[PDB]
Amino acid sequence: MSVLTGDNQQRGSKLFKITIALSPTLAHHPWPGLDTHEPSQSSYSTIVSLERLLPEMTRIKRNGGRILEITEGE
Amino acid sequence: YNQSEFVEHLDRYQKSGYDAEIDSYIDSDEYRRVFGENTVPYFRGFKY
Amino acid sequence: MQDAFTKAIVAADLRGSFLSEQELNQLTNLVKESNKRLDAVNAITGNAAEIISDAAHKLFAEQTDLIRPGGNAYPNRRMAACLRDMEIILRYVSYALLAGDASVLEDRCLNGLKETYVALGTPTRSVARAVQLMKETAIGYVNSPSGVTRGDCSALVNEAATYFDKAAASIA
Amino acid sequence: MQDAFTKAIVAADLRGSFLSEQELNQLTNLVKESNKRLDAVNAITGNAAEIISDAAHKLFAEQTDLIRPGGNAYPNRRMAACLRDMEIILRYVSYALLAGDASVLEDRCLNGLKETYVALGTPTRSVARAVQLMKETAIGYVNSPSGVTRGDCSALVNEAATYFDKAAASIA
Amino acid sequence: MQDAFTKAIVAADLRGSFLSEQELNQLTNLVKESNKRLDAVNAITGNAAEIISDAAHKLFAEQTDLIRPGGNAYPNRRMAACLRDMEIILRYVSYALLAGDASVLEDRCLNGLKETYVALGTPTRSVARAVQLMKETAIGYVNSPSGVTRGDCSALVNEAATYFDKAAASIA
Amino acid sequence: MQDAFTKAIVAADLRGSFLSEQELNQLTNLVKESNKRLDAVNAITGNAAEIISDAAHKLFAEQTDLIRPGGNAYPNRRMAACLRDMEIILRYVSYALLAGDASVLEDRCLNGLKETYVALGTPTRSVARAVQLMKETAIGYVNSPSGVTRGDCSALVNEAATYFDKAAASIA
Amino acid sequence: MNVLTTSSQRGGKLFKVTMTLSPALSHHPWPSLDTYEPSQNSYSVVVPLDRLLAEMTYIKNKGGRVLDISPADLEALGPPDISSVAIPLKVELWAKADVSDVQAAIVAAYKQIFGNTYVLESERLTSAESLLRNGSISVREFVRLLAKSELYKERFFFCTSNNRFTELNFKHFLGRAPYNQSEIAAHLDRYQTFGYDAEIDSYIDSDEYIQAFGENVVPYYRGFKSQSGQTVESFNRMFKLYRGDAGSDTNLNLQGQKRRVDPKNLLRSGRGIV
Amino acid sequence: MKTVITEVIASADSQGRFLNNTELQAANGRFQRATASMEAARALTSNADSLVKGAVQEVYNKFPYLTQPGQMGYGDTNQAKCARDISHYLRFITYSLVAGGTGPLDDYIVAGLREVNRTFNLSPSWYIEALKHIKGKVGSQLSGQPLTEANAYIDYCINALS
Amino acid sequence: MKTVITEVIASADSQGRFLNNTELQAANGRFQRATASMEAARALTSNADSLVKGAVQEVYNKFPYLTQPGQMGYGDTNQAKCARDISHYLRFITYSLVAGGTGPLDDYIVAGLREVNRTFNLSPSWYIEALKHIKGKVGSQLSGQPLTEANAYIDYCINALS
Ligand SMILES: CCC1=C(C)/C(=C/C2=NC(=C\c3[nH]c(/C=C4\NC(=O)[C@H](C)[C@H]4CC)c(C)c3CCC(=O)O)/C(CCC(=O)O)=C2C)NC1=O
Ligand SMILES: CCC1=C(C)/C(=C/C2=NC(=C\c3[nH]c(/C=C4\NC(=O)[C@H](C)[C@H]4CC)c(C)c3CCC(=O)O)/C(CCC(=O)O)=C2C)NC1=O
Ligand SMILES: CCC1=C(C)/C(=C/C2=NC(=C\c3[nH]c(/C=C4\NC(=O)[C@H](C)[C@H]4CC)c(C)c3CCC(=O)O)/C(CCC(=O)O)=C2C)NC1=O
Ligand SMILES: CCC1=C(C)/C(=C/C2=NC(=C\c3[nH]c(/C=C4\NC(=O)[C@H](C)[C@H]4CC)c(C)c3CCC(=O)O)/C(CCC(=O)O)=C2C)NC1=O
Ligand SMILES: CCC1=C(C)/C(=C/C2=NC(=C\c3[nH]c(/C=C4\NC(=O)[C@H](C)[C@H]4CC)c(C)c3CCC(=O)O)/C(CCC(=O)O)=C2C)NC1=O
Ligand SMILES: CCC1=C(C)/C(=C/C2=NC(=C\c3[nH]c(/C=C4\NC(=O)[C@H](C)[C@H]4CC)c(C)c3CCC(=O)O)/C(CCC(=O)O)=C2C)NC1=O
Ligand SMILES: CCC1=C(C)/C(=C/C2=NC(=C\c3[nH]c(/C=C4\NC(=O)[C@H](C)[C@H]4CC)c(C)c3CCC(=O)O)/C(CCC(=O)O)=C2C)NC1=O
Ligand SMILES: CCC1=C(C)/C(=C/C2=NC(=C\c3[nH]c(/C=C4\NC(=O)[C@H](C)[C@H]4CC)c(C)c3CCC(=O)O)/C(CCC(=O)O)=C2C)NC1=O
Ligand SMILES: CCC1=C(C)/C(=C/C2=NC(=C\c3[nH]c(/C=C4\NC(=O)[C@H](C)[C@H]4CC)c(C)c3CCC(=O)O)/C(CCC(=O)O)=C2C)NC1=O
Ligand SMILES: CCC1=C(C)/C(=C/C2=NC(=C\c3[nH]c(/C=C4\NC(=O)[C@H](C)[C@H]4CC)c(C)c3CCC(=O)O)/C(CCC(=O)O)=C2C)NC1=O
Ligand SMILES: CCC1=C(C)/C(=C/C2=NC(=C\c3[nH]c(/C=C4\NC(=O)[C@H](C)[C@H]4CC)c(C)c3CCC(=O)O)/C(CCC(=O)O)=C2C)NC1=O
Ligand SMILES: CCC1=C(C)/C(=C/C2=NC(=C\c3[nH]c(/C=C4\NC(=O)[C@H](C)[C@H]4CC)c(C)c3CCC(=O)O)/C(CCC(=O)O)=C2C)NC1=O
Ligand SMILES: CCC1=C(C)/C(=C/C2=NC(=C\c3[nH]c(/C=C4\NC(=O)[C@H](C)[C@H]4CC)c(C)c3CCC(=O)O)/C(CCC(=O)O)=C2C)NC1=O
Ligand SMILES: CCC1=C(C)/C(=C/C2=NC(=C\c3[nH]c(/C=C4\NC(=O)[C@H](C)[C@H]4CC)c(C)c3CCC(=O)O)/C(CCC(=O)O)=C2C)NC1=O
């Protein structure tokens, strides 16, 4: 389950679980048609280390998806 | 130049045959120094 | 991914058993009707563009709000997304039809789809309708094609319908 | 990637022509012998492990230097790499055999291979030999299998050989 | 080509300077030890054939694969090439030893040598070993010769070793 | 350079062995068919000019772009180069045919040839075709000559073909 | 002397050689000073095996430096066939994986990320694969995990220079050659001040990476096709980078892990500052 | 070039795997199907001349205005390049029939189609109408599984152009 | 689960593409082949009982020592778990026959095989010998394309274990 297992190999310090409403920031299907992503990837839970927290958020917003939540990972 | 060059070339021809004797003139440092790779052979005996 | 045979196998295994003579002959029948099935899948592939186009023309004929400003199939970008989704769904319905099982449709296309559309503000009832129109035309083609041998394809037309109806139900 | 038909098509196109009645019937014959071809590819797949193993046992029987320290099939890591390469080459030879064309073998496997081995210090002559042994055993299997209908497979055995011989030549 | 003095001169010139009193006396010391140096070079010249022969006997004692068919010192032609290379390297090591500088060795012998051997399929590790054996025996001779005045030649034995070790490192 | 016997010998030597009774009789058979082989080589030599000419006429019949300005067989200088290459390749194919081995063809003619042509801008596919036409006509001559004793030359016609096919493959 | 035909005459193994000559071998017959042609600064010649020892000795003496020796017949078989990789097959990992869907991904990430070297079974990253299977991480996430691993560190980083590492990195992670000298430099400076790990992240969180691979697509080759903001000479670099289907990244080469893209070549695409 | 044979081989290779019963079953389909395919191919091959002239004309009959001066169905060169283009399509249809897949169509006509047609002001509608006509006439040259094959590929081109 | 049908669908989906003539030709192979496959399946199904007891015994006859005390062919539980395991293999062989591909074998026996066998001290040699024996007897229960199918899958298991 994206119910993070362990530290999810992030190492680092704290783990924040951040969910975003990703658009085709990521996951455009390789298909010929219009840069969609599966329907069930509307919200994308993801666990990142404290050191990598800021960079990721900057490139999420930059590519247009908007953060929906944020909780410390544990 | 001398009767030694003839004896060396005659002995090489007898030991290694015709093709090795032709290569001995062309791979000589005298050929390389004065014709190089891109100059056609030409008569030289009129210049010291 | 499952097909109709694979489904049989999974249920047999959950009993710890070799396939029942019951299940064997159900699958022998699927092989029996497989030429018809290939024609049915071929009917959709061979008219995919028109099936989408004709569904589309008719969807916007009915729901002229979608193509007004404020509407979810306006401007060109959104219309292209809507046309693309019509194709995606028709595509997974044809896959299910080759397979004899809905799973590829449910797992790769329908799972999460409704919640995507709601997040986006895409009117699901309109999307359901576009799927109903694709069904009408697709089946039209399954039933009236180029020099196919005459026979009865109603079993397959039903099954295709349930795949269209699954998608509609799942989305509305 | 090419197969025997695709090859025909490319040559026809370079003339600007529909396939010659010459080329048509050459391809009709390939379809004629295709059951035999499937058995031949199946002969290799069904004995891949033994073909590699038996080739291997015999390679090191002959060349006991490879398994001494200093040798290119020593220690375990290198032997596993050598066993792996034997499998890779047998694989692409079987692909060529299903295809009726050497191109997948030449393009995905043989292209650059010799220069790789020389860079690595892998003795190419030993690799060539390992390929010759795989050929002997593989063809053995193509010729003497489990309850296949009796007939003449020499044309296919030749063609398989040329794929083994291409690889050997390319590498040595 | 450089010798130990020429090297000093090149470094001085790159400063735009007359030789430093530092460098002067380093060179005065080389002149101080030059009789020993001449004996050391003479030790190698006077036993060149045996140094190569003894290195050789021992190389093939250790690596009996080189003298089997398939091996890089088989047949006579290849053994003669290998014996010739042993001589060539011993020769440039003796030149470096007369010079007090490795440059003639690096520039005329070692430069490109490894890549030559790899192109040829000549096992560089075996060549490195043949060089290590020449070193053992050569130094043996530098240390225990015919009626040379007794003294300490360890500085020169080291320096000779580094030339043997340069060659080995460069080739392996 | 190798011939079919020399090839046997090299493989035997790599085993450290006197020729196998297997290999002996394969070579006894080559001696058995050698009169036919001489006629086959003679067929090519005796019609070399026409084989090149006829191949040529037909190459430019098909590919009228080569003889337009901008084309690689225009002006006279380039046509003479192209005619010359046709002869060179036919020549090394005949050598391989006398030898019973492709090596002279691969080593003296085919090695590097493709990369030469690409550097030059010479269309390799056209060169491959010119080789295919030489093959057709050359074999024509091998099969239908002046008062040669009647028999079966198909084995030799095949082998000649593979030399033509090697060249074509190598170049295209 | 340049690019060759044939191999042998009586029989040989032709080797082609390359050097850098003084005006001692080749000079013009002009009135002053001895000079060789400027474009034959490094010259190459193909010599059969016997004449070979004699030639190398001569060249070294009269001043030249041998740059390479390589058999002619290696070098006659062209440049790699690229059909398999002009346009590849994409592999992408779906939301509810199928049990072997996920098997497909792992084998491919391995091949692509590790550059076709063998990863033996003792070697594989099993705990990490566990994670992908359960969906805890995604395909891009997993791809980052392999790069920071010892196996990746060990075959590609520890034993080669930074120039080489970065050049491999572009090939593996991004599928394309490195476009500029600036790219090399920009990266080397990052490794130097933020460490290895920060530097690894920089290809996997990049905009270029994100567009093409998104998050569920295994990185695949894409440099044999025209891309955006790619200098033109980066399509010839790709041939230098990938040597054919049977070629691989290999740190086990006799000469070791080395370059493949000439430093001179990179500068042709532009030089600035920083 | 996409054929049943190349597809299964591609799928094996990409998993580092020998061809297995799944892949050989697939190949048997392609081989079993060759007879119908190749009958379609022979019929389309010998009728090519007239199929092309029939479709060319039909483009002008359906788009009458094309044949007026200042238009793209006027003068020898336009009308010549048209016949040629339909001939290219029929040629690749026969190739796809013979090859056992859409590869020849995908590689030589579909890849790039729209960019080319858009730069040169060529309307797909013409080409669809050429193909619709070819489909009408091929109804009486073939029947059964050869017709189904011919249809499969003609329709494939029409979808590529919509 | 790998079948001809799932494979072609997977390949279409991954290129965002409707099934085309290439993919439908493939499917026809799988359907044409079902008769031979399913005959093999029925024969292996009804003989299961004896095929299993035959192979179990043969493991002990080829590895006599297994049946001595302190060994892994001794006592009711080992010998019971053995019969079961061969029965699992035959079961998945029939499934692979019916399914039109190796999927059932790949997913339920091959994935993980070596790790499991290595932790539990189970030698593949036994299992190969069980299967070699099953292959011997299936020579006279089937013939023609049903035998070829049975063989294909038995051999597939033997290669998985080598
Ligand atoms: C797994 C296969 C798959 C499906 C099914 C899929 C659906 C899907 N449809 C989307 C958007 C969309 N879908 C539509 C569809 C419609 N608009 C209407 O008014 C009509 C009722 C309807 C057409 C019948 C529109 C307009 C958008 C764009 C919404 C926006 O960005 O405002 C998006 C957001 C990403 C994007 O815009 O590319 C997804 C993921 N994506 C997938 O990968
Ligand atoms: C075309 C084939 C051919 C022949 C026949 C030949 C003969 C020949 N013999 C020569 C020398 C010689 N030949 C001899 C031979 C002899 N000395 C004696 O006392 C004996 C009576 C006799 C041996 C039976 C000697 C001793 C020399 C060396 C003379 C010198 O340099 O002082 C030389 C001078 C070049 C050289 O020394 O290599 C030639 C050209 N050269 C050739 O190319
Ligand atoms: C290339 C992949 C492929 C296809 C498409 C294929 C089709 C195919 N359809 C067939 C029959 C048929 N197909 C149909 C289909 C229909 N009948 C109707 O009236 C409906 C309009 C339509 C409903 C789908 C019927 C009724 C038959 C004859 C009965 C049968 O064979 O089952 C047959 C048996 C031969 C024949 O009777 O013509 C084949 C081979 N075979 C293949 O290998
Ligand atoms: C699952 C993929 C698949 C396979 C493997 C396949 C095999 C297959 N092999 C066949 C025939 C055969 N196969 C062989 C093969 C051989 N004969 C020999 O003596 C050699 C030892 C061996 C050489 C390869 C021969 C001789 C025939 C009979 C002639 C023919 O049908 O061409 C036939 C025709 C029916 C029969 O006569 O049994 C089939 C269906 N069909 C398939 O769909
Ligand atoms: C600048 C001074 C100089 C050096 C150092 C030199 C090395 C050199 N060694 C060569 C060959 C060779 N070198 C060896 C040496 C060995 N074989 C073994 O197995 C041993 C490990 C090793 C002896 C210790 C052999 C066997 C060949 C012949 C390779 C062949 O032709 O197959 C060749 C190829 C040309 C030829 O065969 O004459 C060169 C250029 N050439 C030079 O001009
Ligand atoms: C023809 C060229 C030439 C040579 C070879 C030469 C040798 C030479 N070696 C000498 C000394 C010597 N040579 C050595 C050498 C050694 N001592 C050892 O115990 C080692 C075994 C060996 C190490 C290399 C020693 C220790 C001395 C005495 C100290 C010295 O003069 O530096 C001397 C000084 C006179 C003497 O003490 O005998 C000369 C002239 N002179 C020359 O012109
Ligand atoms: C060892 C025996 C041998 C061979 C085989 C050989 C091939 C060869 N062909 C060459 C050129 C050529 N070869 C051709 C051949 C062709 N042009 C076409 O369009 C056709 C496809 C094809 C004729 C069928 C042409 C046109 C050139 C000149 C290329 C140029 O200079 O632009 C050259 C460059 C040197 C020269 O032009 O003389 C070589 C070395 N040389 C040899 O010594
Ligand atoms: C000067 C070099 C030289 C040549 C050329 C040569 C030819 C030669 N060809 C011969 C036979 C023959 N040659 C052929 C050749 C052919 N049969 C055909 O139908 C084909 C058109 C053609 C294929 C190449 C055949 C069939 C025989 C008789 C069988 C045999 O002796 O092997 C014979 C045996 C005597 C005879 O039966 O006439 C000789 C001596 N001998 C030589 O010393
Ligand atoms: C085809 C006609 C042709 C050209 C153009 C040519 C250039 C050329 N310049 C050379 C060297 C050189 N060129 C220079 C030139 C300069 N040094 C400076 O600092 C200045 C910036 C610059 C003068 C404006 C120098 C100093 C060298 C010697 C480099 C060295 O050996 O260290 C060399 C190496 C061979 C030699 O030294 O003779 C070549 C081939 N050679 C040719 O055959
Ligand atoms: C951070 C270190 C770490 C842990 C601890 C971990 C646990 C873990 N166990 C998993 C599955 C699993 N774990 C088990 C374990 C068991 N089954 C049983 O019946 C027993 C009670 C038990 C063994 C004692 C099984 C059977 C699965 C596979 C479930 C399935 O796919 O159906 C998965 C899903 C991904 C996968 O299958 O690889 C994770 C993430 N993953 C990690 O990265
Ligand atoms: C493997 C470990 C490693 C080393 C050793 C390394 C060297 C290295 N030095 C570089 C640049 C550089 N190196 C220097 C160094 C100097 N400039 C001078 O004038 C002095 C003589 C000298 C300092 C003592 C300069 C100035 C540059 C920048 C050159 C430029 O961009 O113009 C570059 C190009 C990339 C970059 O600029 O970051 C590399 C790869 N890179 C590595 O990864
Ligand atoms: C495209 C398909 C493909 C092929 C064919 C391939 C060949 C290949 N073989 C390799 C190594 C190897 N190959 C061998 C093979 C052998 N050693 C011997 O002594 C025998 C003569 C021979 C076995 C018959 C060995 C020992 C190595 C390891 C060399 C080393 O690291 O020292 C490597 C270096 C990467 C690695 O070790 O994984 C490649 C790329 N790679 C590929 O991707
Ligand atoms: C290999 C497959 C392939 C196809 C399909 C193809 C199509 C194609 N059609 C073209 C032009 C053309 N195509 C047509 C087509 C027509 N004119 C009419 O009378 C009708 C309306 C219509 C036929 C239905 C015309 C008039 C041109 C000339 C356009 C121009 O250059 O202005 C061109 C531009 C190059 C040229 O002028 O020839 C291409 C590439 N090219 C290919 O290589
Ligand atoms: C779904 C497919 C599937 C397979 C194939 C399978 C194999 C399998 N065999 C097992 C044990 C076993 N397997 C055997 C096998 C044998 N003993 C003998 O008498 C013979 C030598 C041999 C039969 C040839 C034995 C003795 C054990 C008990 C091992 C133990 O727990 O010590 C176990 C450990 C769990 C258990 O104890 O049951 C597994 C998972 N499990 C599966 O789920």
Side-chain angles (χ1 to χ4, degrees), chain D residues 106-108 111-116 119, chain F residues 112-125 172, chain G residues 1-4 16 18 20 39-44 67-68 70 72 74-83 85-88 112 115-116 160-161 163-187 203 208 212 219-250 253 255 257-272:
Chain D
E106 270 160 7
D107 290 349
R108 301 195 177 185
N111 193 34
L113 187 44
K114 177 154 186 185
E115 295 85 335
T116 303
Chain F
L113 187 44
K114 177 155 186 185
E115 295 85 334
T116 303
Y117 286 142
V118 178
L120 285 168
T122 284
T124 55
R125 265 180 282 258
Chain G
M1 294 300 293
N2 289 337
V3 155
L4 48 103
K16 135 178 182 175
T18 315
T20 59
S39 86
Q40 280 180 158
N41 175 38
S42 63
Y43 180 53
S44 101
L67 310 168
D68 254 64
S70 87
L74 232 201
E75 316 201 17
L77 25 89
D81 183 82
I82 53 139
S83 50
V85 196
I87 268 107
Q112 152 83 34
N116 199 37
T160 63
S161 69
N163 301 106
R164 173 91 183 146
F165 169 58
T166 114
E167 127 177 328
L168 289 171
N169 264 359
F170 278 122
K171 198 206 152 183
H172 295 331
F173 298 144
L174 299 180
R176 88 218 203 340
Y179 309 161
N180 261 330
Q181 154 87 5
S182 298
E183 249 172 5
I184 277 314
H187 277 298
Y203 299 74
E208 173 181 0
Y220 64 70
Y221 283 111
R222 57 186 198 47
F224 280 98
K225 283 314 214 248
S226 153
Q227 248 29 62
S228 308
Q230 135 183 26
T231 82
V232 40
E233 198 192 55
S234 148
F235 174 101
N236 308 340
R237 292 179 192 150
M238 210 32 191
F239 285 113
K240 292 179 179 179
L241 284 212
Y242 159 100
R243 291 318 292 180
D245 206 337
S248 57
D249 288 327
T250 293
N253 252 15
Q255 225 101 51
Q257 276 279 195
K258 282 203 191 325
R259 277 254 196 61
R260 299 283 212 55
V261 149
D262 207 341
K264 281 183 187 188
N265 202 47
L266 231 76
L267 283 190
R268 306 174 70 209
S269 271
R271 165 105 112 112

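Per chain, numbering begins at 1; letters A, B, ... match sequence-line order.
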Using a 4.5 Å cut-off on heavy atoms from C-beta on, say whether the side chain of G/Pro80 contacts that of G/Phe239. yes
State, to 0.1 Å, how close G/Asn180 and G/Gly270 come at their nearest heavy-atom pair, and which atoms those are. OD1-O, 4.4 Å
G/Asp249 side, atom CG; G/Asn116 side, atom CG - distance, nearest 0.5 Å: 8.5 Å
Grab the two heavy atoms, one from G/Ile184 and one from G/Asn163, that are nearest each other, plus how far apart they are. CG2-ND2, 3.9 Å
If you take all heavy atoms of G/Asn265 and G/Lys240, which pair is closest and at what distance? ND2-NZ, 3.5 Å
Before giving the answer on side-chain contact (heavy atoms from CB on, under 4.5 Å), spell out for G/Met238 and G/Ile82 the whole-Å C-alpha distance, their side-chain angles and the decisive distance to 0.1 Å. CA-CA 10 Å; G/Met238 210 32 191; G/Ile82 53 139; over 6 Å; no
Are G/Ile87 and G/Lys225 side-chain neighbours, meaning at least one heavy-atom pair lies under 4.5 Å? yes
Do you know which two heavy atoms are closest between D/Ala119 and G/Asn253, and how far apart they sit? CB-OD1, 3.5 Å
Closest approach of G/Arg260 and G/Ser248, non-hydrogen atoms and distance? NH2-O, 4.0 Å
The residue among G/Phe173, G/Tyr242, G/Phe170 that forms ring-ring contact (aromatic ring centres under 6.0 Å, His included) with G/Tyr221 is G/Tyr242
Is there side-chain contact between G/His187 and G/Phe165, with at least one heavy-atom pair below 4.5 Å? no
Considering only heavy atoms from C-beta outward, does the side chain of G/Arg176 approach that of G/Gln227 to under 4.5 Å? no
From CA spacing to verdict: side-chain contact (heavy atoms from CB on, under 4.5 Å), G/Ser269, G/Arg237: CA-CA 11 Å; G/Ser269 271; G/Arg237 292 179 192 150; 3.2 Å; yes
Say you draw a straight line from CG of D/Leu113 to CZ of D/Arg108; how long is it, rounded to the nearest 0.5 Å? 15.5 Å
Rounded distance [0.5 Å steps], OG1 in G/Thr250 versus CZ in G/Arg243: 13.5 Å
Taking every non-hydrogen atom, the tightest pair across G/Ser83 and D/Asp107: OG-OD2, 3.6 Å
Is any side-chain heavy atom of G/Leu241 closer than 4.5 Å to a side-chain heavy atom of G/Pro178? yes
Going from CD on G/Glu208 to CG on G/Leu174, what distance comes out if it is rounded to the nearest 0.5 angstrom? 4.5 Å
Check the pair G/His172, G/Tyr203 against side-chain contact (heavy atoms from CB on, under 4.5 Å), reporting the backbone distance first and the verdict last. CA-CA 10 Å; G/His172 295 331; G/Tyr203 299 74; over 6 Å; no
Using 0.5 Å steps for rounding, measure from the NZ atom of F/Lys114 to the CG atom of G/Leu77. 11.0 Å
G/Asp245 side, atom CG; D/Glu106 side, atom CD - distance, nearest 0.5 Å: 13.5 Å
